[PDB]
Amino acid sequence: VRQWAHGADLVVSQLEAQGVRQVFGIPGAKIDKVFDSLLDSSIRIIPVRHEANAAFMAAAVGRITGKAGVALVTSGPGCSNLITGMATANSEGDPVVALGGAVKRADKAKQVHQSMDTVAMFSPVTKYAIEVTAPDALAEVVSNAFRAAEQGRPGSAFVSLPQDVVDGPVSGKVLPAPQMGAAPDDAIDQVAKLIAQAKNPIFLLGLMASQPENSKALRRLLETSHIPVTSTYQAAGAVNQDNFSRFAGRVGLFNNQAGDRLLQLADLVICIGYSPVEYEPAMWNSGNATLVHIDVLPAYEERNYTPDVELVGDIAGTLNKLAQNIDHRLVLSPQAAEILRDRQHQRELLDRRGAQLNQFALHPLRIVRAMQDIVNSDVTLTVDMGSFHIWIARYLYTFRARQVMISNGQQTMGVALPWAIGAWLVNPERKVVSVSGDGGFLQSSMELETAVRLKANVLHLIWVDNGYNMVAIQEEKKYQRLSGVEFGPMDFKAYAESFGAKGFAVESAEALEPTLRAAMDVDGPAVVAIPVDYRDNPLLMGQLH
Amino acid sequence: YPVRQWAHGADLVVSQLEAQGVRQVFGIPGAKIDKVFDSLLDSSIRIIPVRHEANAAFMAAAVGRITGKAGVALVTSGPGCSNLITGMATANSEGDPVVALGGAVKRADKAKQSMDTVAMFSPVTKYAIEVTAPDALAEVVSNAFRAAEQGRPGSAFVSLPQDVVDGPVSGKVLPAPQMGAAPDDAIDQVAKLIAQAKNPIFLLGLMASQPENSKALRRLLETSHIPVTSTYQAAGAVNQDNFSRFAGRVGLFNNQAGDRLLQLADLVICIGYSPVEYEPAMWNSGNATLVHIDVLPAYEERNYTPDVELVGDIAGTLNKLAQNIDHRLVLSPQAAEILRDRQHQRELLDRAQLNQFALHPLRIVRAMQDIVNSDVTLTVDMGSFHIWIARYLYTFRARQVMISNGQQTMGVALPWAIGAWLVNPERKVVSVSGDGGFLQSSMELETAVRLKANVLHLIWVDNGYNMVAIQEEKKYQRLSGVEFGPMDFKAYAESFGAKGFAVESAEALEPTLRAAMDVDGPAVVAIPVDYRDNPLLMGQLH
Amino acid sequence: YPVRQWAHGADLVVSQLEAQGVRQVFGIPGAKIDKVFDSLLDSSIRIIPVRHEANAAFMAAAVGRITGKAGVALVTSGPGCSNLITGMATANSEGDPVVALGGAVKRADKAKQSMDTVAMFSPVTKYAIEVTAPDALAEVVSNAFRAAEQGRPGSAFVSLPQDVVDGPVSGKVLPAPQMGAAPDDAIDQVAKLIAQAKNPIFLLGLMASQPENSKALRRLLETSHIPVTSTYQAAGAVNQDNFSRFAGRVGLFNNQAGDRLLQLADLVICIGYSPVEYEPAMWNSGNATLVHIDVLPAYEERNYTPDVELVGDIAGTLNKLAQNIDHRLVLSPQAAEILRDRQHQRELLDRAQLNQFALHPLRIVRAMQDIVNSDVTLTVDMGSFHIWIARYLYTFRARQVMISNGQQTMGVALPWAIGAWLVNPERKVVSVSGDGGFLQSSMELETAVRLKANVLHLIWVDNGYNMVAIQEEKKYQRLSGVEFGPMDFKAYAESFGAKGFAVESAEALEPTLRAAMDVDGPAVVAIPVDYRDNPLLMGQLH
Ligand SMILES: Cc1ncc(C[n+]2csc(CCOP(=O)(O)OP(=O)(O)O)c2C)c(N)n1
Ligand SMILES: Cc1ncc(C[n+]2csc(CCOP(=O)(O)OP(=O)(O)O)c2C)c(N)n1
Ligand SMILES: Cc1ncc(C[n+]2csc(CCOP(=O)(O)OP(=O)(O)O)c2C)c(N)n1
Ligand SMILES: [Mg+2]
Ligand SMILES: [Mg+2]
Ligand SMILES: [Mg+2]
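Just so you know, the protein sequences line up as chains A, B and B', in that order. A prime marks a further copy of an entry chain.
Residues 7 to 183, 187 to 554 in the entry's author numbering are what the first sequence spells out, letter by letter.
Residues 5 to 117, 121 to 183, 187 to 361, 364 to 554 in the entry's author numbering are what the second sequence spells out, letter by letter.
Residues 5 to 117, 121 to 183, 187 to 361, 364 to 554 in the entry's author numbering are what the third sequence spells out, letter by letter.
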């Protein structure tokens, strides 16, 4: 152990030990010693314009690297401004460690309830929430926060750091930054035998199946077996139409997915890193099939989810072993092949690569096609929440992006831009495309200054309707009249340029592709406003569950 | 197990309990939860009414600790639930799987001008939920058992709103884990470290004392002959007789061979151990290769940051580790000396004619060891007597001992004993406590008599709270609030219909214990004790 | 009271208690909180060790209810605190001012691998705080008493970390409200409504039973002669003898004159009343002018939305209201009939030779009324006997009765009685309970004997949980978990050193009660009861 002048120095040293490359946040009196200590480290300080976005950026870093993104904020409002961010990350399973300042331990303002009980506030939306009361257990708590966020089913962790603890001296050491084995060999063999006997098997991918550490094993198992696959949105990016011929689409939103039909037909369903909370089991489990559960944790038994076999342990190890016990590729049953044949037909019908679509404001389909043109395998795509989100999800089979951040169970708006910046920081050599509506854009657009400051190569697309359309179409369907969903117009090109970023505003369908192309080629942050005609939304909504 | 339409959610609950292998339920009925007690009447599940809910949690814990399956407590709303709190916290601390089903007001009256029980139980449980979705009643219960029984066992609380249990519901009962050993690659990495170790030592924790790990543990020890020491949560895992290289229990006394071996160690392998069981600072000097083996990743601490972590099925890991141990260990000079000292230490601790009255603690311990045989379960309450018994655990040869008690909750012994007896009603159980601990749960004597439980409860009588008195004496040289009046425990026990005895002389001690042990049913023996020599034992504590 | 340097925070605490007028403290010592018990030794404050912490909260509540000043409980960390929960919740529900001082681990070990007691107590208290600022120790305590004693009294919890009470602190003891009557203008507005009322009625709540409001209440009733009815929290505020227009207690029975008058009312004036005391839906038809008088604004409900609210000092308001009442009330035809019916009702309820054995409830009530005189405090536990006693409260003439119990917590009687006796040790106290309630707190008999408390505890013996059994019978026509074994309560009581009695025939009832009452000290009488006629009484409940 060492004698540390400040607890902040030990915290920073622990962060370095955790492999943290940067920290997102906003400084304040209570937490400033930590920002100060970061000056003497290898960790880059990234100042944001609103704490909420610090949590969103950290979440993106977590989902991509698999290692926790870090947010650093001051006490009081500093911490409360992160709450929505922490809840969103926790919901989508993104590892995030938030370090929040607090008044000194003995501050009498605590007894008079003059200072926020942040631990109580964060406990409901985090996997781990705690306040350091013992200076000597500083590295310990920070270390445990990372383990709690990155292990098991990933989530967010909050650590409250009293000012006196980080400012005062401490004596401790840096704790170096798991070793869980695959499922039992007998159970794996058991499953390999169920597979060899199944006529209509199918894989249902969940959150844990999309983790980076399981990518290789998953790819190997799919290639060896050639068994159909369907995914929940928390695994939307694990597999796509283009990289697997037997992909059946993502389930949980549209009522005609091949994944749902195959699951109904299945005589053997193998869930990977799946939890019933990702998609209602009653929606696909007919009970007429043998059920296998593969994950880092036991299954949450439920009326429509009582696994016949449960393989708990290291997912990658379990999938690799299973792959080694497969003698041949699956020969699709006439029925299964028919269902895949139908998805092929529906994609054909959803497509329109030859239609004019030159109306203005732009038709959602014309915008989706233009987005597909610029989003390729070297481009990451982040998607906000709103009506355009449903359009993009319907066509996820057409996006050939390196990766896509779209899952958003809490339906939190404003995540796209912050997600893109975080995704960009993980791979600054690649391009990132973020997309939102005007509502979401204005909730985090302040981070545009952050983007310009970082020279972040992010292209943000704004679908403009001058209102909260996703809520409006719900009100129209229920009351046939609108309330609180309409607002005024804005000059987004000028809005963007006022930050020093490149701004564009589509004034006709013909200008769409050229504009997106020029915006993509811009070396640095750019924003493109796209007026949209949401009149056809009812047609798309008719495909929802 | 098909999806059915149930006349009362209470019926689904009961079927779910039967599916979990529940044989009995402990508790006290009330208006809000009465439909469940009524449903149990058509069940194969036995209803065991207690006299105080706290004891339902204690009895359920013993059941859980012994069977591996959650003990079940059932109480009504309000005070029925709040009376379980201490019991639930005690089970959670000792890792005993318990599921408490607590009644509550109908959902609609919750915000009406009822206790927020979930909020009160959340701090002392692993799982605390309230059923708000009638159609997910079987799920919440089922998953409560999962929470209590899996990983590091603990207590689970489920609030059942009256309208949910009395009203009809649809649903199916859910059937009552398959994890493998640690990564073989890592098991070799550890096996290699063992071959390079000069002073290897095993530190056993809670999970190491689980029956599912028995065979593999013994197999690993018989093949390596590496010395062993245990926390009190694994007090029963290994004893002096079956392992000559046993180094005792660590955490209480400052002169244990286990601690000396830990300090001397170059390689320490912890199994089913968690810091909470014994302050790492107390034994981890910091310059030894630390290996962690458990069902859960290590809960890192300042002085407990393992170099290697083997997470997974313990029995599987240990079995694989054993197969990778070529030669048995040859104790180093210091190691051998340390173990030799423990032997000399035992000879000393054992070595006179203590015929004074009130009885000398050593005399009582000696007599206790005589009646406690390998077929008997011994339960120990909290108090000064606890220290005396702990000091001599090496010479106790009981089927099992329930002594671990981190919260230091008094009153646990009798209810634990009743719970343990119900698991194996053909055997005898012996519980011991002080007068203070005795009156906190003695109301269960009626329950013991009602059940015809073959339990013998011993009471060390000093007429006070001695364990507290000695700490006050040491710190203030005067006493406060630790002295109370005397009682005739013989008549007290007889009033319940149990057999009572009161030792009135030293020579009467042994004969009285025998007459009590020979009683087929509940019996209590009050034993006046002279705690004057406690200072000499306390000097042996950390 | 100057700012001093204290050797131990524990010393400041004690001085603060003395400043609050605390005469005794109830509790059980422990390592974390022992310095406080030690500090009390140099205090004028008496240390009263209990046998179970829950009872410390019950005894403290009686003290608070009677003196108006918070009763004090002192316990150690962990189970010491969790054992107080039910007691604290019961006090908070009945409005009894109680301050619990609970020990805790040193501040630095809190987040270390200790119970989050504040979080557990917050749901059942008015004030739950933990001292994190050593220099504000006297403040947190002082303000805990303020929280318990002011507004609507309730319980308050204070967690004292061991390092804070053992370590030195600086600070001064803080001296131990001045609110005026409601706005005179509004008092007239109400006085006007009273002059226009044809069927005015007073509904008394908790605050109306406070001694500080006695004189003003009587003065207001003697001047207006307006009929009165009371919730059970104000059961003692007024009785049949002192007010011929008393309409009984409302909330339990479906045939009360009070409810009929409330329904008939055109003007209802509630004093110190809060909906929680009696469901407004049960009596507020909704077409009467509703006036609310209390120390706190009305806690609006669906059927309790007062037209006029007089917030402020109750005694002052009532005194001013009285001075604005010219003529006494002339009962309307219906009002007079209703009161006449209550008179005929009493004549009936009173009207035979019940010499059966086991004893008939009516016989027991009759005998109870004979021994309970105007100098005796009567405490009543929860169970079927409770209903029987409530039915006949009009014929009980005790100094005071502790019966209100919204949580329906069993075991309250004896500890309450001990607490009430300590307030007036020269008087006799009588507590009554069922066998179930008796065993939950009977351990305090040792405390009673130790104190030489002049308490007589009566036990209605049925060998079960009857109040629950009758509800099961009605709903399921069968019983579950409500039957237990018999006991010899005579020997049980004697074992403690108290006087025990067991009624073995009807004719022996009265003589046995007398012999017990004549005992100068603790005495217990077990009374076998035949609950067969309970269905006839239950038909009288809402
Ligand atoms: C923070 C927050 N508040 C409210 C909502 C509810 N809601 C869901 S998406 C959305 C916004 C729709 O506006 P926009 O982002 O402009 O997208 P559009 O549907 O209009 O394309 C709203 C208001 C939300 N998701 N997040
Ligand atoms: C519920 C509870 N309250 C307070 C304590 C603190 N304390 C620890 S052991 C004990 C009791 C000692 O009395 P007894 O059981 O008579 O044993 P002795 O040490 O006197 O033999 C007390 C008061 C506790 N453990 N549990
Ligand atoms: C702590 C607690 N648990 C459960 C209840 C529910 N219930 C209400 S009164 C009562 C007991 C009745 O037993 P007893 O005291 O013997 O009275 P009886 O009605 O039989 O005369 C019970 C079990 C309660 N009030 N308090
Ligand atoms: Mg919009
Ligand atoms: Mg004792
Ligand atoms: Mg009874």
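The C-beta atom is built at its ideal place from N, Cα and C for all residues, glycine as well.
Contact test: residue i Cβ vs ligand 3 heavy atom, cutoff 7 Å
| i | result |
| --- | --- |
| B':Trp428 | no |
| B:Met127 | no |
| B:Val40 | no |
| B:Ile279 | no |
| A:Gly34 | no |
| B':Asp393 | yes |
| residue 1 of chain A | In this structure chain A extends from 7 to 554, so residue 1 of chain A is not present and cannot be described. |
| A:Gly282 | no |
| B:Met122 | no |
Residue i: CB within 7 Å of a non-hydrogen atom of ligand 1
| i | result |
| --- | --- |
| A:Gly448 | yes |
| A:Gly418 | no |
| A:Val131 | no |
Selected residue, minimal CA-CA separation from residue i, among the options
| i | options | result |
| --- | --- | --- |
| B':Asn252 | B':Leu227, B':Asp269, B':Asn264 | B':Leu227 |
| B':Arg361 | B':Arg375, B':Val413, B':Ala528 | B':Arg375 |
| A:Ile482 | A:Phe508, A:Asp545, A:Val536 | A:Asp545 |
| A:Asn334 | A:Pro33, A:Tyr134, A:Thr233, A:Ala291 | A:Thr233 |
| A:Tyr283 | A:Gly395, A:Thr132, A:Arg153, A:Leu213 | A:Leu213 |
| B':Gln368 | B':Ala183, B':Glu519, B':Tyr242, B':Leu328 | B':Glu519 |
| B':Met292 | B':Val305, B':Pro307, B':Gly268 | B':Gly268 |
| B':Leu359 | B':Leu548, B':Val260, B':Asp474 | B':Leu548 |
| A:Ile89 | A:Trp10, A:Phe164, A:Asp393 | A:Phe164 |
Residue i: CB within 7 Å of a non-hydrogen atom of ligand 6
| i | result |
| --- | --- |
| B':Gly476 | yes |
| B':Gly497 | no |
Assumed close pair residue i, residue j - CB separation to whole angstroms, cut-off 8 Å
| i | j | result |
| --- | --- | --- |
| A:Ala192 | B:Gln353 | That belief does not hold up - the Cβ atoms of A:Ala192 and B:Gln353 are roughly 45 Å apart, past 8 Å. |
| B:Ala60 | B:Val79 | 7 Å |
| A:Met479 | A:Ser396 | 4 Å |
| A:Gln24 | A:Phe152 | 5 Å |
| A:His235 | A:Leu366 | In fact, because the Cβ distance is near 37 Å, the residues do not count as touching under 8 Å. |
| B':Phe496 | B:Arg50 | Between B:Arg50 and B':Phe496 the Cβ distance is about 14 Å, and since that is not below 8 Å, they are no contact. |
| A:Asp194 | B:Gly190 | 7 Å |
Distance cut-off 7 Å: residue i Cβ against heavy atoms of ligand 2
| i | result |
| --- | --- |
| B:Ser396 | yes |
So, does the stretch 295 to 309 of chain A touch the stretch 263 to 282 of chain A, judging by three or more C-beta pairs under 8 Å? Counting C-beta pairs with one atom in each stretch, the stretch 295 to 309 of chain A and the stretch 263 to 282 of chain A have three or more that are closer than 8 Å, which means they touch.
Do three or more CB pairs link the stretch 83 to 96 of chain B to the stretch 121 to 138 of chain B at distances below 8 Å? yes
Between the stretch 484 to 496 of chain B and the stretch 42 to 52 of chain B', do three or more beta carbon pairs fall short of 8 Å? yes
Contact between the stretch 67 to 81 of chain B and the stretch 93 to 110 of chain B (3+ Cβ pairs under 8 Å): yes
Determine, using beta-carbon pairs with one atom in the stretch 241 to 260 of chain A and one in the stretch 404 to 421 of chain A, whether at least three such pairs fall under 8 Å. Yes, since at least three Cβ pairs between the stretch 241 to 260 of chain A and the stretch 404 to 421 of chain A fall closer than 8 Å, the two stretches touch.
Interface residues of the stretch 94 to 116 of chain B facing chain A [CB-CB below 7 Å]: none
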